[PDB]
file input29.json (JSON, C-alpha atoms and all ligand atoms)
[["chain", "number", "residue", "atom", "x", "y", "z"],
["E", 7, "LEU", "CA", -22.28, -18.34, -9.76],
["E", 8, "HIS", "CA", -23.27, -17.57, -6.17],
["E", 9, "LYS", "CA", -22.52, -14.86, -3.63],
["E", 10, "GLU", "CA", -20.90, -15.73, -0.30],
["E", 11, "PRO", "CA", -20.51, -13.62, 2.85],
["E", 12, "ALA", "CA", -17.32, -11.81, 3.79],
["E", 13, "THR", "CA", -16.30, -8.92, 6.04],
["E", 14, "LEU", "CA", -13.91, -6.07, 5.18],
["E", 15, "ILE", "CA", -10.68, -6.45, 7.04],
["E", 16, "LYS", "CA", -8.89, -3.63, 5.19],
["E", 17, "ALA", "CA", -8.93, -1.69, 1.91],
["E", 18, "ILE", "CA", -5.56, -1.95, 0.13],
["E", 19, "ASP", "CA", -5.82, -0.32, -3.28],
["E", 20, "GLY", "CA", -8.18, 0.03, -6.25],
["E", 21, "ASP", "CA", -8.50, -3.69, -7.11],
["E", 22, "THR", "CA", -7.23, -5.44, -3.92],
["E", 23, "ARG", "CA", -8.54, -5.66, -0.35],
["E", 24, "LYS", "CA", -8.20, -7.87, 2.75],
["E", 25, "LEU", "CA", -11.43, -9.75, 3.55],
["E", 26, "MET", "CA", -12.29, -12.44, 6.01],
["E", 27, "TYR", "CA", -13.76, -15.29, 4.08],
["E", 28, "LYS", "CA", -14.96, -18.43, 5.82],
["E", 29, "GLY", "CA", -13.36, -17.12, 9.01],
["E", 30, "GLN", "CA", -9.88, -16.72, 7.43],
["E", 31, "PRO", "CA", -8.12, -13.45, 6.41],
["E", 32, "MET", "CA", -7.30, -13.32, 2.70],
["E", 33, "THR", "CA", -6.20, -10.74, 0.16],
["E", 34, "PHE", "CA", -8.71, -10.60, -2.66],
["E", 35, "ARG", "CA", -7.91, -9.42, -6.19],
["E", 36, "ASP", "CA", -10.84, -8.23, -8.35],
["E", 37, "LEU", "CA", -11.50, -10.42, -11.42],
["E", 38, "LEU", "CA", -11.41, -8.91, -14.92],
["E", 39, "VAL", "CA", -10.02, -5.48, -13.99],
["E", 40, "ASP", "CA", -6.83, -3.50, -13.62],
["E", 41, "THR", "CA", -6.65, -0.33, -11.55],
["E", 42, "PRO", "CA", -3.50, 1.86, -11.69],
["E", 43, "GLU", "CA", -1.06, 1.36, -8.82],
["E", 50, "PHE", "CA", -1.40, 4.06, -6.13],
["E", 51, "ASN", "CA", 1.85, 5.59, -7.48],
["E", 52, "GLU", "CA", 0.24, 6.08, -10.90],
["E", 53, "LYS", "CA", -2.25, 8.46, -12.49],
["E", 54, "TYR", "CA", -5.74, 7.71, -11.11],
["E", 55, "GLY", "CA", -4.21, 5.26, -8.65],
["E", 56, "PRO", "CA", -5.22, 7.24, -5.54],
["E", 57, "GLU", "CA", -8.70, 7.95, -6.93],
["E", 58, "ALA", "CA", -9.16, 4.22, -7.69],
["E", 59, "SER", "CA", -8.03, 3.36, -4.15],
["E", 60, "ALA", "CA", -10.32, 6.00, -2.62],
["E", 61, "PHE", "CA", -13.32, 4.95, -4.72],
["E", 62, "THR", "CA", -13.28, 1.23, -3.76],
["E", 63, "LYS", "CA", -12.35, 1.97, -0.16],
["E", 64, "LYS", "CA", -15.41, 4.14, 0.23],
["E", 65, "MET", "CA", -17.63, 1.73, -1.66],
["E", 66, "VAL", "CA", -16.63, -1.24, 0.60],
["E", 67, "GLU", "CA", -16.24, 0.62, 3.91],
["E", 68, "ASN", "CA", -19.68, 2.20, 3.48],
["E", 69, "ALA", "CA", -21.30, -1.11, 2.64],
["E", 70, "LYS", "CA", -23.34, -2.90, 5.25],
["E", 71, "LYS", "CA", -22.88, -6.16, 3.34],
["E", 72, "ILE", "CA", -19.83, -7.38, 1.45],
["E", 73, "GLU", "CA", -20.11, -10.51, -0.70],
["E", 74, "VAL", "CA", -17.67, -12.57, -2.78],
["E", 75, "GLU", "CA", -18.57, -14.39, -5.98],
["E", 76, "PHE", "CA", -16.03, -16.86, -7.38],
["E", 77, "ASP", "CA", -16.18, -17.63, -11.09],
["E", 78, "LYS", "CA", -15.92, -21.13, -12.63],
["E", 79, "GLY", "CA", -12.09, -21.44, -12.73],
["E", 80, "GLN", "CA", -9.21, -20.63, -10.40],
["E", 81, "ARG", "CA", -10.19, -19.20, -7.00],
["E", 82, "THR", "CA", -6.59, -18.30, -6.03],
["E", 83, "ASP", "CA", -3.84, -16.65, -8.07],
["E", 84, "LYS", "CA", -0.11, -17.45, -8.12],
["E", 85, "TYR", "CA", 0.41, -14.96, -5.27],
["E", 86, "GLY", "CA", -2.19, -16.67, -3.02],
["E", 87, "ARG", "CA", -4.78, -13.94, -3.63],
["E", 88, "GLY", "CA", -8.46, -14.83, -3.89],
["E", 89, "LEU", "CA", -9.94, -14.08, -7.32],
["E", 90, "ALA", "CA", -13.59, -12.95, -7.21],
["E", 91, "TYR", "CA", -16.31, -10.53, -8.06],
["E", 92, "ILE", "CA", -16.87, -8.42, -4.98],
["E", 93, "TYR", "CA", -20.28, -6.91, -4.13],
["E", 94, "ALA", "CA", -21.00, -4.04, -1.78],
["E", 95, "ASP", "CA", -24.72, -3.97, -0.91],
["E", 96, "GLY", "CA", -25.57, -5.82, -4.14],
["E", 97, "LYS", "CA", -23.42, -3.51, -6.33],
["E", 98, "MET", "CA", -20.40, -5.14, -8.04],
["E", 99, "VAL", "CA", -17.20, -3.25, -7.17],
["E", 100, "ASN", "CA", -15.41, -4.63, -10.26],
["E", 101, "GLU", "CA", -18.08, -3.16, -12.53],
["E", 102, "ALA", "CA", -18.27, 0.14, -10.65],
["E", 103, "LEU", "CA", -14.53, 0.78, -11.02],
["E", 104, "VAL", "CA", -14.73, 0.14, -14.79],
["E", 105, "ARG", "CA", -17.89, 2.30, -15.16],
["E", 106, "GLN", "CA", -16.07, 5.24, -13.52],
["E", 107, "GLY", "CA", -13.09, 4.81, -15.83],
["E", 108, "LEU", "CA", -10.99, 4.00, -12.75],
["E", 109, "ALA", "CA", -10.07, 0.53, -14.09],
["E", 110, "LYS", "CA", -9.63, -1.19, -17.43],
["E", 111, "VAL", "CA", -11.04, -4.57, -18.37],
["E", 112, "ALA", "CA", -7.95, -6.78, -18.14],
["E", 113, "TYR", "CA", -6.65, -10.22, -17.14],
["E", 114, "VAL", "CA", -9.47, -11.97, -18.97],
["E", 115, "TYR", "CA", -8.51, -15.64, -18.78],
["E", 116, "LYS", "CA", -10.81, -18.45, -20.01],
["E", 117, "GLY", "CA", -12.89, -20.23, -17.38],
["E", 118, "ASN", "CA", -12.90, -17.10, -15.21],
["E", 119, "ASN", "CA", -14.71, -14.61, -17.51],
["E", 120, "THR", "CA", -18.43, -14.91, -16.71],
["E", 121, "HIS", "CA", -18.99, -11.13, -16.31],
["E", 122, "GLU", "CA", -16.67, -10.08, -19.18],
["E", 123, "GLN", "CA", -19.41, -8.63, -21.51],
["E", 124, "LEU", "CA", -21.01, -6.75, -18.61],
["E", 125, "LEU", "CA", -17.68, -5.11, -17.68],
["E", 126, "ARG", "CA", -16.88, -4.39, -21.35],
["E", 127, "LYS", "CA", -20.31, -2.70, -21.57],
["E", 128, "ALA", "CA", -19.34, -0.52, -18.59],
["E", 129, "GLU", "CA", -15.93, 0.26, -20.09],
["E", 130, "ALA", "CA", -17.42, 1.35, -23.42],
["E", 131, "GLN", "CA", -19.66, 3.82, -21.53],
["E", 132, "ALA", "CA", -16.77, 5.13, -19.44],
["E", 133, "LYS", "CA", -14.79, 5.69, -22.62],
["E", 134, "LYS", "CA", -17.64, 7.47, -24.44],
["E", 135, "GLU", "CA", -17.84, 9.78, -21.40],
["E", 136, "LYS", "CA", -14.02, 10.04, -21.42],
["E", 137, "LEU", "CA", -14.08, 9.38, -17.64],
["E", 138, "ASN", "CA", -10.87, 9.67, -15.61],
["E", 139, "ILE", "CA", -8.52, 7.18, -17.30],
["E", 140, "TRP", "CA", -10.14, 7.99, -20.64],
["E", 141, "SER", "CA", -9.72, 11.82, -20.17],
["U", 1, "LIG", "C1", -6.65, -10.38, -12.07],
["U", 1, "LIG", "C2", -5.67, -11.52, -12.11],
["U", 1, "LIG", "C3", -4.34, -11.35, -12.00],
["U", 1, "LIG", "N1", -3.42, -12.38, -12.03],
["U", 1, "LIG", "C4", -1.97, -12.14, -12.00],
["U", 1, "LIG", "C5", -1.45, -11.70, -13.35],
["U", 1, "LIG", "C6", -0.26, -10.88, -13.01],
["U", 1, "LIG", "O1", 0.89, -11.76, -12.79],
["U", 1, "LIG", "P1", 2.22, -10.87, -13.19],
["U", 1, "LIG", "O2", 2.49, -9.75, -12.19],
["U", 1, "LIG", "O3", 3.22, -11.94, -13.06],
["U", 1, "LIG", "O4", 2.06, -10.38, -14.63],
["U", 1, "LIG", "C7", -0.70, -10.19, -11.71],
["U", 1, "LIG", "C8", -1.26, -8.80, -11.83],
["U", 1, "LIG", "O5", -1.90, -8.42, -10.56],
["U", 1, "LIG", "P2", -1.85, -6.84, -10.22],
["U", 1, "LIG", "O6", -2.59, -6.21, -11.36],
["U", 1, "LIG", "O7", -2.62, -6.80, -8.90],
["U", 1, "LIG", "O8", -0.47, -6.54, -10.09],
["U", 1, "LIG", "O9", -1.72, -11.01, -11.17],
["U", 1, "LIG", "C9", -3.83, -13.67, -12.24],
["U", 1, "LIG", "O10", -3.02, -14.58, -12.33],
["U", 1, "LIG", "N2", -5.20, -13.84, -12.33],
["U", 1, "LIG", "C10", -6.17, -12.86, -12.36],
["U", 1, "LIG", "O11", -7.34, -13.17, -12.51],
["U", 2, "CA", "CA", -3.42, -3.15, -10.52]]
call {"tool": "encode", "arguments": {"input": "input29.json", "output": "structure tokens"}}
result
Amino acid sequence: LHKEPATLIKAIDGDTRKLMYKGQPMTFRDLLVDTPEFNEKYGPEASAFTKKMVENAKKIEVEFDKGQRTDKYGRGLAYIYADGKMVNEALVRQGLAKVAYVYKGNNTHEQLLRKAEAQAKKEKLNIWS
């Protein structure tokens, strides 16, 4: 897997954001996670956490996995990094997302995220509180 450049266009919610990738605007959906919708418990906190993480970053990167790069809704599917720190993992570690949507061929960082989730749970963070 390799990281590619991208620029924030706009935060949307916990696990989605608009980025410009290869000079084109695209909604990205975070691989391997599920944040609550804004209208749900921990939804706003999830949205706020990622927004801050990406808006504060000097460098956003996208990392496609080995399988599908686009979902059925035309969203990019990737691991997103903000100054070297993976947003997908950070959300899980804070108990602001669950490991979810783990399809074969796009699950390279599954164990890593599961590791993060187990630690969030032990700490009973946010969603596990
Ligand atoms: C994360 C992810 C979601 N999706 C699809 C599954 C769900 O379709 P359905 O809505 O039909 O169940 C939807 C959930 O996205 P949200 O969690 O953003 O709603 O996105 C993929 O197809 N691939 C993925 O890697
Ligand atoms: Ca969601």
call {"tool": "residues_around", "arguments": {"input": "input29.json", "residues": "stretch 111-116 of chain E", "least_positions_apart": "3", "cutoff": "12 Å", "atoms": "only C-alpha atoms", "output": "PyMOL selection string"}}
result
chain E and resi 21+35-42+77-80+83+89+100-105+107-108+119-130+132-133
call {"tool": "atom_distance", "arguments": {"input": "input29.json", "atom1": "atom CA of residue E:88", "atom2": "atom CA of residue E:76"}}
result
8.6 Å
call {"tool": "residues_around", "arguments": {"input": "input29.json", "residues": "stretch 58-70 of chain E", "least_positions_apart": "2", "cutoff": "12 Å", "atoms": "all atoms listed in the file", "output": "count of residues only"}}
result
52
call {"tool": "closest_residue", "arguments": {"input": "input29.json", "among": "E:75, E:131, E:86, E:118", "to": "residue E:32", "atoms": "only C-alpha atoms"}}
result
E:86
call {"tool": "atom_distance", "arguments": {"input": "input29.json", "atom1": "atom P2 of ligand LIG 1 (chain U)", "atom2": "atom CA of residue E:87"}}
result
10.1 Å
call {"tool": "decode", "arguments": {"input": "input29.json", "residues": "stretch 120-136 of chain E", "atoms": "C-alpha atoms", "output": "PDB file, in the first residue's frame"}}
result
ATOM      1  CA  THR E 120      -5.113  -4.759   5.106  1.00  0.00           C
ATOM      2  CA  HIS E 121      -5.317  -2.741   8.366  1.00  0.00           C
ATOM      3  CA  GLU E 122      -8.064  -4.875   9.989  1.00  0.00           C
ATOM      4  CA  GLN E 123      -5.916  -6.310  12.879  1.00  0.00           C
ATOM      5  CA  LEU E 124      -4.472  -2.875  13.646  1.00  0.00           C
ATOM      6  CA  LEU E 125      -7.961  -1.337  13.927  1.00  0.00           C
ATOM      7  CA  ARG E 126      -9.234  -4.321  15.948  1.00  0.00           C
ATOM      8  CA  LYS E 127      -6.263  -3.765  18.292  1.00  0.00           C
ATOM      9  CA  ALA E 128      -7.373  -0.133  18.706  1.00  0.00           C
ATOM     10  CA  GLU E 129     -10.997  -1.162  19.255  1.00  0.00           C
ATOM     11  CA  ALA E 130     -10.088  -3.665  21.976  1.00  0.00           C
ATOM     12  CA  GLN E 131      -8.237  -0.872  23.833  1.00  0.00           C
ATOM     13  CA  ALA E 132     -11.126   1.570  23.427  1.00  0.00           C
ATOM     14  CA  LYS E 133     -13.465  -1.053  24.828  1.00  0.00           C
ATOM     15  CA  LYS E 134     -11.236  -1.896  27.820  1.00  0.00           C
ATOM     16  CA  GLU E 135     -11.226   1.855  28.576  1.00  0.00           C
ATOM     17  CA  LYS E 136     -14.999   1.929  27.944  1.00  0.00           C
TER      18      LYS E 136
END
